[PDB]
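Okay, so here's just one chain, in structure tokens, the form deposited in one PDB entry.
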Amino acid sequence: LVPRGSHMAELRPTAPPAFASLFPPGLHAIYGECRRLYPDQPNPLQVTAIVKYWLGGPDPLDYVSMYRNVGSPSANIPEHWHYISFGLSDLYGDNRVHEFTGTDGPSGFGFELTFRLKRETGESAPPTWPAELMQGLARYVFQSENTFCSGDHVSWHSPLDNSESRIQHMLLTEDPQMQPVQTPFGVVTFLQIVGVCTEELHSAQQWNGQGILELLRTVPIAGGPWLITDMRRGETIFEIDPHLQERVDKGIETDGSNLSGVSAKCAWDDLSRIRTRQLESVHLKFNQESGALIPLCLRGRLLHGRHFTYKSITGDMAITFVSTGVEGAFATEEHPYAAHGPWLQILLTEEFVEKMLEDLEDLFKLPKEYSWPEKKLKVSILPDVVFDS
């Protein structure tokens, strides 16, 4: 039989913008991607800086395009407003704001901010507050020269739209739609701002940024695969799902912690009986909050050959936990407890911290005391009254 043929049972830019000569080449490329995504909105609402930054203006971003993304409620992606900045990258390439660096490497700071705000009902246009937020974030970047990555966190400690909204902080990720572009003035990637609660910010600091991001992609209400910020969100991802906390802690064990130290209630005392002092025995003290970080300090820092420092909020006192892999420590295996004044350094071997972690479970009859006489070490978790005196 001669082939009858296939019968498919299931099937699912290129033209320059008006008046191209007018556009700066760096602005021209970014706009190209925006058109790719939104051909139906060729003239979107824009917030624009009339007083230019290079002429005294407070606003580093020259433009903020505001499109309407329908999303895919067909696949749990809500309707939202999409915000795209112009100014963080080298737009003009004439050394007015950014140093011209040519095609190789990053255009300006090498990125432009984006943000996806979940659309409410009655909203017949995109709200203009996130534009001002982006301006604010751009000020941070311009005043220093701290270029941001996918995974970075920003401590804002203020409701992003000045609302009562829980969402007071921001994480940064790759925009799910925007593809990095090559301008004549360098390369531009697209960092998306994702709003988060103080609690979730702390989780990213404790673990890593990328991991907390991935966690938000499985919680649509937060959340979603496209990381859309809903300002009217009331509960954290941990309150929506307590099972997630386990994946945070599991990750701290797997990847390690970004947390190098913490200002908390802590103290240490000598049992031996400025210059370095080598202590034969030591007694470390913590409240419930700082004591709760001990497993993180051991499992996610020392077990990874990194270190951890507890600083007492009141006073001179400090404790630094160190592993064998650290360089420049004045605490060695032979003299594992050493202090330069009030600053205590404790060296703990890999074999021994594993044994400690067997004793230390969550982490409540306080004082909760632990003791290893073979190491001459005592760790006690006390009520806050001790350190408040």
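Start at 1 and count along the sequence shown; that's the residue number.
Asks: Across the other PDB entries of this protein that model residues on both sides of residue 337, is it left without coordinates in at least a third of them?
Replies: Counting only entries that model residues on both sides, residue 337 is resolved in every one of them.
Asks: In a third or more of the other entries compared, is residue 67 missing its coordinates?
Replies: Looking at the other entries that model residues on either side of it, residue 67 is present in every one.
Asks: Check the residues of the deposited sequence separating residue 273 from residue 274 and report how many of them have no coordinates, as none, 1 to 3, 4 to 9, or 10 or more.
Replies: Count of unmodelled residues in between: 10 or more.
Asks: So which stretch wins on mean C-alpha B-factor, 283-291 or 84-92?
Replies: According to the entry, 283-291 carries the higher average C-alpha B-factor.
Asks: Mean C-alpha B factor from the entry: is it higher for 172-180 or for 235-243?
Replies: The stretch with the larger mean CA B-factor is 235-243.
Asks: From 344, 357, 30, 49, pick the one with the largest CA B-factor in the entry?
Replies: Answer, based on the entry's C-alpha B-factors: 357.
Asks: Which one of 107, 309, 76, 258 shows the top CA temperature factor in the record?
Replies: Within the set 107, 309, 76, 258, 76 shows the top C-alpha B-factor.
Asks: Select lowest, middle or highest to describe the third in which the CA B-factor of residue 187 falls within its chain in this entry.
Replies: Tercile = lowest for this residue's CA B-factor.
Asks: Sorting the chain's CA B-factors, does residue 199 end up in the lowest, middle or highest third?
Replies: According to the entry, residue 199 has a C-alpha B-factor in the chain's middle third.
Asks: So where's residue 222 on the chain's Cα temperature factor ranking, which third?
Replies: Answer is highest: the recorded C-alpha B-factor places it there.
Asks: Rank-wise, by C-alpha B-factor, drop residue 164 into the lowest, middle or highest third of its chain.
Replies: Answer is highest: the recorded C-alpha B-factor places it there.
Asks: What third of its chain's C-alpha B-factors does residue 362 belong to: lowest, middle or highest?
Replies: As the PDB entry reports it, the C-alpha B-factor of residue 362 lands in the highest third of its chain.
Omitted here: the form solved in complex with a partner chain. The next part is about that form.
Asks: Which residue among 238, 129, 100, 148 has a heavy atom within 4.5 angstroms of its partner chain in the deposited complex?
Replies: That would be 148.
Asks: Note which of 245, 72, 162, 263 lies within 4.5 Å of its partner chain in the deposited complex, where distance is taken over heavy atoms; exactly one does.
Replies: Filtering the options by heavy-atom distance leaves 263.
Asks: Just one stretch in 251-259, 81-89, 215-223, 174-182 has heavy atoms within 4.5 Å of its partner chain in the deposited complex, so which one is it?
Replies: Result of the contact check: 251-259.
Asks: Is there a non-hydrogen atom of residue 153 within 4.5 angstroms of a non-hydrogen atom of its partner chain in the deposited complex?
Replies: Although its partner chain is absent here, residue 153 would touch it in the deposited complex, with heavy atoms inside 4.5 Å.
Asks: Is residue 205 one of the residues lying within 4.5 Å of its partner chain in the deposited complex, judged by heavy atom distances?
Replies: Answer yes; at least one heavy atom of residue 205 falls within 4.5 Å of its partner chain in the deposited complex.
Asks: Looking at the partner-bound form in the deposited complex, is residue 283 within 4.5 Å of its partner chain by any heavy atom?
Replies: Although its partner chain is absent here, residue 283 would stay clear of it in the deposited complex, with no heavy atoms inside 4.5 Å.
Asks: Check whether residue 232 has any heavy atom within 4.5 Å of a heavy atom of its partner chain in the deposited complex, and answer yes or no.
Replies: No - in the deposited complex, heavy atoms of residue 232 and its partner chain never come within 4.5 Å of each other.
Asks: Quick check: between the shown form and the other one, are residue 327 and residue 370 assigned to one rigid part (C-alpha given to the better-fitting superposition)?
Replies: Answer is yes, one rigid part holds both.
Asks: Relative to the form shown here, do the C-alpha atoms of residue 287 and residue 239 sit closer together or farther apart in the deposited complex, given a change of 3 Å or more?
Replies: It is farther: the C-alpha separation of residue 287 and residue 239 rises by at least 3 Å in the deposited complex.
Asks: Out of closer and farther, which fits the Cα atoms of residue 288 and residue 239 in the deposited complex compared with this form, where the change is 3 Å or more?
Replies: Relative to this form, farther apart in the deposited complex.
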